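As structure tokens, the structure follows; a few thoughts come after it.
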Amino acid sequence: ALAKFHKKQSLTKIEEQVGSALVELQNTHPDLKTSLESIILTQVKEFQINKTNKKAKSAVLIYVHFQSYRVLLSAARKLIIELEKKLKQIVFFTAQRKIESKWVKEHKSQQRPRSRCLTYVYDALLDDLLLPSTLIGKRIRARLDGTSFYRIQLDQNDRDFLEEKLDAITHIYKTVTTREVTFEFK
Amino acid sequence: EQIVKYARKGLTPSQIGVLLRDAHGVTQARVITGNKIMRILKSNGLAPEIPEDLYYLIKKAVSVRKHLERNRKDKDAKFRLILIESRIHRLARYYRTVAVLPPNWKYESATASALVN
Amino acid sequence: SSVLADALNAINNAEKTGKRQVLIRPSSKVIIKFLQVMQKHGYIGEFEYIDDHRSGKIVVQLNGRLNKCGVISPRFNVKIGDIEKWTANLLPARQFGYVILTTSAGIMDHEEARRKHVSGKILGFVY
RNA sequence: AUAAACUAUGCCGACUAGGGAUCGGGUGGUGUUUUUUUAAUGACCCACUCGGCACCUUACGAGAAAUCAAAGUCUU
């Protein structure tokens with residue numbers, strides 16, 4: 001539906017499926033009715049996970065408007081389960097964050113709240129992706145030359161949901177952010 | 001209180017957004033109205049007069065000289081009523097340069113008048 | 001109390017012990033920038049990966065000679081009769097030299113802003 | 001308010017360090033011992049951590065030398 005979107009202009013084949021897909025679940029399942037009633041979308045992006053296996057395994061990340069971010073997290077688990085069953089693709093939900101500029105301030109009487117800074121915004125996604133479960137340990141490494149590796153500590157009891165998305169996440173992050181992100185289970 | 005606006009952290013949570021929501025949490029909560037709900041109650045009241053981060057320095061620092069005023073021998077008391085002081089002043093400025101008028105308070109009956117309600 | 005020799009005097013203060021570099025100041029567009037012109041001409045390794053309060057941006061691996069000490073300097077003039085003259089700071093004419101000046105335009109190097117005939121402040125000087 | 005008012009050694013900003021030495025937290029603890037028909041706890045100890053304690057020490061840097069992990073410290 002153009003309903004469950006904010007720009008409401010035109011959707012992409014991916015964005016379209018997602019729209020009806022969502023509208024589907026609130027009609028089909030009575031429990032997601034309440035939460036999905038609320039949920040609005042901002043935009044959706046598809047990414048291809050290209051491995052050396054010449055295998056094409058894609059997944060899609062959806063941007064939930066910040067207004068419905070509360071709600072999105074409220075049922076996050078069940079939502080993603082059904083969306084993956086109903087789209088046969090890997091699903092990730094993020095918040096639509098707007099980044100502010102560092103030196104491009106223009107409103108004399110306006111301070112750039114840290115809440116929307118590049119460090120904090122880009123650091124956000126990681127929490128968002130592994131979503132259902134939040135990480136235990138986060139770390140940075142400096143390879144000699146000058147690389148920065150983010151080996152992140154993930155909870156053991158979540159090996160299920162997280163082990164699979166594991167590669168997608170890495171790849172989406174490298175695309176949005178620019179950060180290599182290896183995980184480690186503890 | 002507002003320093004102790006977050007004795008909520010004790011039995012409610014979670015420091016504290018709610019007032020925004022970033023690295024959020026996992027528990028009941030009924031949103032901004034859950035906050036404001038009793039977060040407005042809080043100090044059995046409200047405030048704003050000015051200005052906590054001083055409305056304390058000036059206090060501890062106020063009574064802080066009753067002894068000085070009577071004892072008068074605890075020079076090892078003046079040696080601090082000077083400091084709690086240079087402090088109670090050192091604040092002012094960042095308000096004498098911003099939040100508190102442009103003289104008084106930023107100068108106030110400081111040294112002295114037990115203020116004020 | 002002075003982010004310059006602060007950290008260049010840790011690289012400096014390090015390679016003399018010999019090692020694999022360490023942490024430093026907090027970041028500074030400038031710190032990072034010198035800790036650029038360095039790498040870009042050689043000397044250092046790979047500026048690094050920290051992010052905190054202002055602790056952010058980088059550590060920075062060592063590598064190579066880089067001997068000895070990045071130069072900190074604490075005045076600021078430049079151009080023509082100048083630059084050439086404070087090129088006496090240098091560890092010898094016949095190449096070697098590098099004087100990481102500050103150039104009206106660009107935080108540049110003894111030559112890197114000898115470039116388009118530039119000048120200004122004297123930020124520092126390497127190897 | 002003089003001073004047989006002192007590490008004859010500055011520091012707003014810190015390393016060559018260690019080793020040990022002391023007082024915090026956090027671990028293990030294994031050691032004790034409380035609690036007290038058994039403990040847990042509490043203590044004692046033990047190690048181990050990290051806090052920072054001060055010191056002490058020179059496989060380093062000095063300076064003009066005795067000494068210095070500084071006065072080490074950017075052709076001196």
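Convention: chains lettered A, B, ... in structure tokens order; per-chain residue numbering from 1; ligands numbered from 1 as shown.
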Pull out every residue of chain A that has at least one atom within 10 Å of chain B, counting only C-alpha atoms, and report them as a list in words.
->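 Residues of chain A within 10 Å of chain B, counting only C-alpha atoms: residues 66, 69, 70, 73, 74, 115, 120, 121, 124, 127, 128 and 134 of chain A.
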Neighbour list for residue 78 (chain B) as number ranges by chain, cut-off 10 Å, only C-alpha atoms (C1' of nucleotides), skip fewer than 5 positions in-chain | B: 64-65, 67-69, 72-73, 83-85
Run DSSP on the backbone and give me the residues of chain B it puts in helix (DSSP H, G or I), as a PyMOL selection string.
-> chain B and resi 3-6+8-11+32-39+57-63+66-70+75-81+83-96
Prev. selection, N, CA and C atoms, output as a compact mmCIF listing (two decimals), in the first residue's frame:
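Done, and the output landed in selection_5.txt:
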```txt
# COMPACT_ATOMS: atom_id res chain seq x y z
N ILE B 3 18.27 16.86 40.13
CA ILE B 3 19.44 16.05 40.37
C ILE B 3 18.85 14.70 40.64
N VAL B 4 17.88 14.68 41.55
CA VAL B 4 17.16 13.47 41.92
C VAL B 4 15.83 13.35 41.19
N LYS B 5 15.69 14.01 40.04
CA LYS B 5 14.59 13.69 39.13
C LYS B 5 14.74 12.20 38.77
N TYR B 6 15.99 11.71 38.80
CA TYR B 6 16.34 10.31 38.49
C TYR B 6 16.65 9.46 39.73
N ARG B 8 14.15 7.95 39.95
CA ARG B 8 13.31 7.09 39.13
C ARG B 8 14.14 5.88 38.67
N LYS B 9 15.33 6.15 38.14
CA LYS B 9 16.27 5.10 37.77
C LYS B 9 16.18 3.97 38.78
N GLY B 10 15.97 4.32 40.04
CA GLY B 10 15.78 3.32 41.08
C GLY B 10 14.62 2.37 40.75
N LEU B 11 13.41 2.91 40.67
CA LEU B 11 12.23 2.06 40.46
C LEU B 11 11.29 2.51 39.32
N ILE B 32 6.28 8.94 26.28
CA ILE B 32 6.54 10.28 26.79
C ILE B 32 5.59 10.63 27.92
N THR B 33 4.39 10.06 27.88
CA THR B 33 3.40 10.29 28.92
C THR B 33 3.62 9.36 30.09
N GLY B 34 4.49 8.37 29.90
CA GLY B 34 4.88 7.50 31.00
C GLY B 34 5.93 8.26 31.76
N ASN B 35 6.88 8.81 31.01
CA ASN B 35 7.80 9.77 31.57
C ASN B 35 6.99 10.86 32.26
N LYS B 36 6.71 11.94 31.54
CA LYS B 36 5.92 13.05 32.06
C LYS B 36 4.89 12.60 33.10
N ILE B 37 4.27 11.44 32.86
CA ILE B 37 3.24 10.91 33.75
C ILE B 37 3.46 11.30 35.20
N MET B 38 4.41 10.64 35.85
CA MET B 38 4.75 10.94 37.24
C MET B 38 6.10 11.63 37.29
N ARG B 39 6.78 11.68 36.15
CA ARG B 39 8.02 12.45 36.06
C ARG B 39 7.74 13.93 36.32
N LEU B 57 25.40 24.67 45.59
CA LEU B 57 26.72 25.17 45.96
C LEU B 57 26.51 26.29 46.98
N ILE B 58 25.57 27.18 46.69
CA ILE B 58 25.33 28.32 47.55
C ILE B 58 24.75 27.88 48.88
N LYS B 59 24.18 26.69 48.93
CA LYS B 59 23.53 26.26 50.15
C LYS B 59 24.53 25.64 51.08
N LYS B 60 25.07 24.50 50.67
CA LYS B 60 26.11 23.85 51.43
C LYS B 60 27.07 24.95 51.81
N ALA B 61 27.27 25.88 50.88
CA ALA B 61 28.21 26.98 51.08
C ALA B 61 27.64 28.07 51.99
N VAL B 62 26.35 28.02 52.22
CA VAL B 62 25.69 29.03 53.02
C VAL B 62 25.77 28.62 54.47
N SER B 63 25.07 27.55 54.78
CA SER B 63 25.19 26.99 56.10
C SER B 63 26.68 26.86 56.37
N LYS B 66 28.01 29.10 58.85
CA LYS B 66 27.40 29.33 60.15
C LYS B 66 28.46 29.03 61.20
N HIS B 67 29.04 27.83 61.09
CA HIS B 67 30.15 27.44 61.94
C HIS B 67 31.18 28.54 61.86
N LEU B 68 31.60 28.90 60.64
CA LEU B 68 32.66 29.90 60.47
C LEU B 68 32.35 31.13 61.30
N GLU B 69 31.05 31.44 61.36
CA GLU B 69 30.54 32.67 61.92
C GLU B 69 30.60 32.58 63.41
N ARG B 70 30.34 31.40 63.95
CA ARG B 70 30.46 31.23 65.39
C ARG B 70 31.82 30.63 65.83
N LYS B 75 40.12 27.88 61.36
CA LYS B 75 40.66 28.51 60.17
C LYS B 75 40.67 27.45 59.08
N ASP B 76 40.88 26.21 59.49
CA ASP B 76 40.75 25.09 58.57
C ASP B 76 39.29 24.94 58.18
N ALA B 77 38.56 26.05 58.27
CA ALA B 77 37.18 26.10 57.83
C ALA B 77 37.08 27.25 56.86
N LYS B 78 37.72 28.36 57.20
CA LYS B 78 37.83 29.43 56.24
C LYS B 78 38.53 28.89 54.98
N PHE B 79 39.57 28.07 55.16
CA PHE B 79 40.35 27.60 54.02
C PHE B 79 39.48 26.90 53.00
N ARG B 80 38.25 26.58 53.39
CA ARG B 80 37.28 25.97 52.47
C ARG B 80 36.14 26.91 52.11
N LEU B 81 35.64 27.68 53.08
CA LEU B 81 34.58 28.66 52.79
C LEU B 81 35.07 29.62 51.73
N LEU B 83 36.96 28.27 49.25
CA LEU B 83 36.91 27.37 48.11
C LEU B 83 35.47 27.07 47.66
N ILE B 84 34.63 26.60 48.58
CA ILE B 84 33.22 26.41 48.27
C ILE B 84 32.77 27.72 47.68
N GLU B 85 33.47 28.77 48.06
CA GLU B 85 33.08 30.08 47.61
C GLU B 85 33.56 30.27 46.19
N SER B 86 34.88 30.35 46.02
CA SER B 86 35.45 30.65 44.72
C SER B 86 34.71 29.80 43.72
N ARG B 87 34.17 28.70 44.21
CA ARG B 87 33.33 27.84 43.40
C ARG B 87 31.99 28.51 43.13
N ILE B 88 31.25 28.79 44.21
CA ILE B 88 29.89 29.32 44.10
C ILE B 88 29.91 30.49 43.15
N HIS B 89 31.06 31.15 43.06
CA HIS B 89 31.24 32.24 42.09
C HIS B 89 31.56 31.69 40.70
N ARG B 90 32.57 30.82 40.63
CA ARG B 90 33.04 30.25 39.36
C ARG B 90 31.88 29.76 38.51
N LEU B 91 30.82 29.27 39.16
CA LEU B 91 29.61 28.93 38.42
C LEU B 91 29.05 30.19 37.81
N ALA B 92 28.42 31.02 38.63
CA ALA B 92 27.86 32.27 38.16
C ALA B 92 28.27 32.53 36.72
N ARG B 93 29.51 32.98 36.51
CA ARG B 93 30.03 33.39 35.19
C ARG B 93 29.39 32.72 33.95
N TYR B 94 29.43 31.39 33.89
CA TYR B 94 28.78 30.65 32.80
C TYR B 94 27.26 30.85 32.79
N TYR B 95 26.82 32.00 33.28
CA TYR B 95 25.42 32.33 33.40
C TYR B 95 25.38 33.84 33.47
N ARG B 96 26.29 34.41 34.26
CA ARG B 96 26.58 35.82 34.15
C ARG B 96 26.95 35.97 32.70
```
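Set the cut-off at 10 Å, count only C-alpha atoms (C1' of nucleotides), and the residues of chain C near chain D turn out to be residues 1, 2, 3, 5, 6, 9, 10, 12, 13, 14, 16, 17, 68, 69, 70, 71, 72, 73, 89 and 91 of chain C.
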Using only C-alpha atoms, pick whichever of C:108, C:66, C:93, C:50 has the shortest atom-to-atom distance to chain A.
->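 Result for the nearest residue to chain A: C:50.
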Mind listing as an NGL selection string which residues of chain C are within 9 Å of chain A, counting only C-alpha atoms?
-> :C and (20 or 45-51 or 58-63)
Preceding selection exported with N, CA, C and O atoms as a compact mmCIF listing (two decimals), in the first residue's frame:
```
# COMPACT_ATOMS: atom_id res chain seq x y z
N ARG C 20 55.74 -0.15 17.84
CA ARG C 20 54.59 -0.29 16.97
C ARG C 20 53.57 0.77 17.36
O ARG C 20 52.39 0.47 17.54
N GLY C 45 53.06 4.78 9.73
CA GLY C 45 52.33 3.63 9.22
C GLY C 45 50.93 4.00 8.79
O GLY C 45 50.74 4.68 7.79
N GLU C 46 49.96 3.55 9.57
CA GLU C 46 48.57 3.81 9.25
C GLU C 46 47.81 4.47 10.40
O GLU C 46 47.46 3.80 11.38
N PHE C 47 47.57 5.78 10.28
CA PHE C 47 46.71 6.49 11.23
C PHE C 47 45.55 5.55 11.63
O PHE C 47 45.14 4.70 10.83
N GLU C 48 45.04 5.68 12.85
CA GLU C 48 44.22 4.60 13.40
C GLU C 48 42.75 4.87 13.75
O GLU C 48 42.13 5.82 13.29
N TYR C 49 42.20 3.98 14.58
CA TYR C 49 40.75 3.82 14.68
C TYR C 49 40.15 3.92 16.08
O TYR C 49 39.64 2.92 16.59
N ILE C 50 40.19 5.10 16.68
CA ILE C 50 39.46 5.30 17.93
C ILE C 50 38.29 6.29 17.76
O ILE C 50 38.23 7.04 16.80
N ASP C 51 37.33 6.24 18.69
CA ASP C 51 36.21 7.19 18.69
C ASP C 51 35.57 7.28 20.07
O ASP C 51 34.89 6.36 20.51
N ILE C 58 41.51 8.23 16.07
CA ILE C 58 42.68 7.38 15.86
C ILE C 58 43.66 7.05 17.00
O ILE C 58 43.81 7.81 17.96
N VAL C 59 44.29 5.89 16.85
CA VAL C 59 45.59 5.56 17.45
C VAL C 59 46.60 5.85 16.34
O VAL C 59 46.55 6.95 15.79
N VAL C 60 47.48 4.90 16.00
CA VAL C 60 48.34 5.06 14.80
C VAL C 60 49.67 4.29 14.74
O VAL C 60 50.69 4.86 15.12
N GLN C 61 49.65 3.07 14.19
CA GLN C 61 50.84 2.21 14.06
C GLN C 61 52.09 2.96 13.60
O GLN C 61 51.99 3.99 12.93
N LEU C 62 53.26 2.43 13.94
CA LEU C 62 54.52 3.14 13.74
C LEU C 62 55.18 2.87 12.39
O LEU C 62 54.97 3.61 11.43
N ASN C 63 55.99 1.82 12.35
CA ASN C 63 56.68 1.40 11.13
C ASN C 63 57.82 2.32 10.73
O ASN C 63 57.81 3.52 11.05
```
Quick one: everything within 12 Å of residue 62 (chain D), counting only C-alpha atoms (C1' of nucleotides), minus sequence neighbours fewer than 6 positions away in the same chain. Send it as a PDB file with N, CA, C and O atoms (P, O5', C5', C4', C3', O3' and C1' of nucleotides), in the first residue's frame.
```pdb
ATOM      1  P     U D  16      57.736   4.534  30.028  1.00  0.00           P
ATOM      2  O5'   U D  16      59.133   4.581  29.267  1.00  0.00           O
ATOM      3  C5'   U D  16      59.345   4.860  27.889  1.00  0.00           C
ATOM      4  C4'   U D  16      60.831   4.803  27.668  1.00  0.00           C
ATOM      5  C3'   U D  16      61.450   3.853  28.664  1.00  0.00           C
ATOM      6  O3'   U D  16      61.368   2.491  28.313  1.00  0.00           O
ATOM      7  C1'   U D  16      62.471   5.918  28.934  1.00  0.00           C
ATOM      8  P     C D  68      69.887   8.196  41.289  1.00  0.00           P
ATOM      9  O5'   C D  68      69.089   8.945  40.133  1.00  0.00           O
ATOM     10  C5'   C D  68      68.139   9.939  40.474  1.00  0.00           C
ATOM     11  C4'   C D  68      67.615  10.698  39.278  1.00  0.00           C
ATOM     12  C3'   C D  68      66.950   9.904  38.166  1.00  0.00           C
ATOM     13  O3'   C D  68      65.692   9.344  38.470  1.00  0.00           O
ATOM     14  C1'   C D  68      68.390  11.428  37.194  1.00  0.00           C
ATOM     15  P     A D  69      65.544   7.742  38.540  1.00  0.00           P
ATOM     16  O5'   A D  69      64.117   7.550  39.237  1.00  0.00           O
ATOM     17  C5'   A D  69      62.879   7.361  38.537  1.00  0.00           C
ATOM     18  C4'   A D  69      62.743   8.115  37.243  1.00  0.00           C
ATOM     19  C3'   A D  69      61.436   7.827  36.531  1.00  0.00           C
ATOM     20  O3'   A D  69      61.322   8.835  35.527  1.00  0.00           O
ATOM     21  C1'   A D  69      63.134   6.978  35.265  1.00  0.00           C
ATOM     22  P     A D  70      60.393  10.143  35.622  1.00  0.00           P
ATOM     23  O5'   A D  70      61.302  11.276  36.307  1.00  0.00           O
ATOM     24  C5'   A D  70      61.034  12.668  36.103  1.00  0.00           C
ATOM     25  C4'   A D  70      62.149  13.550  36.613  1.00  0.00           C
ATOM     26  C3'   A D  70      62.318  14.872  35.854  1.00  0.00           C
ATOM     27  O3'   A D  70      62.745  15.955  36.683  1.00  0.00           O
ATOM     28  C1'   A D  70      64.271  13.553  35.618  1.00  0.00           C
ATOM     29  P     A D  71      62.619  17.456  36.104  1.00  0.00           P
ATOM     30  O5'   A D  71      64.109  17.952  35.858  1.00  0.00           O
ATOM     31  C5'   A D  71      64.330  19.105  35.049  1.00  0.00           C
ATOM     32  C4'   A D  71      65.657  19.078  34.332  1.00  0.00           C
ATOM     33  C3'   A D  71      65.943  17.818  33.507  1.00  0.00           C
ATOM     34  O3'   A D  71      66.797  18.172  32.429  1.00  0.00           O
ATOM     35  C1'   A D  71      67.604  18.073  35.091  1.00  0.00           C
ATOM     36  P     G D  72      67.203  17.124  31.284  1.00  0.00           P
ATOM     37  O5'   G D  72      66.556  15.720  31.674  1.00  0.00           O
ATOM     38  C5'   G D  72      67.378  14.565  31.744  1.00  0.00           C
ATOM     39  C4'   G D  72      67.272  13.723  30.521  1.00  0.00           C
ATOM     40  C3'   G D  72      66.457  14.291  29.398  1.00  0.00           C
ATOM     41  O3'   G D  72      67.325  14.719  28.401  1.00  0.00           O
ATOM     42  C1'   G D  72      65.628  12.166  30.046  1.00  0.00           C
ATOM     43  P     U D  73      67.453  16.251  28.012  1.00  0.00           P
ATOM     44  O5'   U D  73      67.851  16.114  26.496  1.00  0.00           O
ATOM     45  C5'   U D  73      67.531  14.896  25.845  1.00  0.00           C
ATOM     46  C4'   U D  73      66.084  14.873  25.442  1.00  0.00           C
ATOM     47  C3'   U D  73      65.528  16.207  24.947  1.00  0.00           C
ATOM     48  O3'   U D  73      64.879  15.977  23.707  1.00  0.00           O
ATOM     49  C1'   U D  73      64.086  15.268  26.603  1.00  0.00           C
TER      50        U D  73
END
```
Check chain C with DSSP on the backbone and list each residue it calls strand (DSSP E or B), as a PyMOL selection string.
-> chain C and resi 47+60+71+125
Output file for the residues above (C-alpha atoms, as a PDB file, in the first residue's frame):
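Output contents, as saved in result04.pdb:
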```pdb
ATOM      1  CA  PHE C  47      46.714   6.493  11.232  1.00  0.00           C
ATOM      2  CA  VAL C  60      48.345   5.058  14.804  1.00  0.00           C
ATOM      3  CA  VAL C  71      58.898  18.528  14.723  1.00  0.00           C
ATOM      4  CA  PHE C 125      58.940  19.634  10.222  1.00  0.00           C
TER       5      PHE C 125
END
```
Got a sec: who's within 6 Å of residue 99 (chain C), counting only C-alpha atoms (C1' of nucleotides), leaving out chain neighbours fewer than 6 positions off, as a list in words?
->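 Residues near the query, excluding close chain neighbours: residues 109, 110, 124, 125 and 126 of chain C.
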Excluding residue 45 (chain B) and residues on its chain fewer than 4 positions from it, collect all residues at most 9 Å away from it, counting only C-alpha atoms (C1' of nucleotides), and give them as a PyMOL selection string.
-> chain B and resi 1+40-41
Using N, CA, C and O atoms, can you write the selected residues to a file as a PDB file, in the first residue's frame?
```
ATOM      1  N   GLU B   1      13.176  16.654  43.335  1.00  0.00           N
ATOM      2  CA  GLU B   1      14.402  17.241  42.801  1.00  0.00           C
ATOM      3  C   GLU B   1      14.657  16.839  41.347  1.00  0.00           C
ATOM      4  O   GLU B   1      13.893  16.077  40.757  1.00  0.00           O
ATOM      5  N   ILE B  40       6.518  14.370  36.009  1.00  0.00           N
ATOM      6  CA  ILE B  40       6.075  15.726  36.303  1.00  0.00           C
ATOM      7  C   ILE B  40       5.803  15.842  37.798  1.00  0.00           C
ATOM      8  O   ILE B  40       6.224  16.802  38.431  1.00  0.00           O
ATOM      9  N   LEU B  41       5.119  14.857  38.374  1.00  0.00           N
ATOM     10  CA  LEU B  41       4.944  14.824  39.823  1.00  0.00           C
ATOM     11  C   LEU B  41       6.303  15.030  40.478  1.00  0.00           C
ATOM     12  O   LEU B  41       6.593  16.108  40.991  1.00  0.00           O
TER      13      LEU B  41
END
```
Smallest atom-to-atom distance to residue 53 (chain D): which of D:9, D:22, D:76, D:36, using only C-alpha atoms (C1' of nucleotides)?
->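 Comparing D:9, D:22, D:76, D:36 against residue 53 (chain D), the winner is D:22.
You will find CA of residue 92 (chain A) at 18.7 Å from CA of residue 26 (chain A).
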Which neighbours of residue 33 (chain D) fall inside 9 Å, counting only C-alpha atoms (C1' of nucleotides), when residues of the same chain fewer than 2 positions from it are skipped, and could you give them as number ranges by chain?
-> D: 42-44
Atom pair CA of residue 98 (chain A) + CA of residue 60 (chain A), distance 20.1 Å
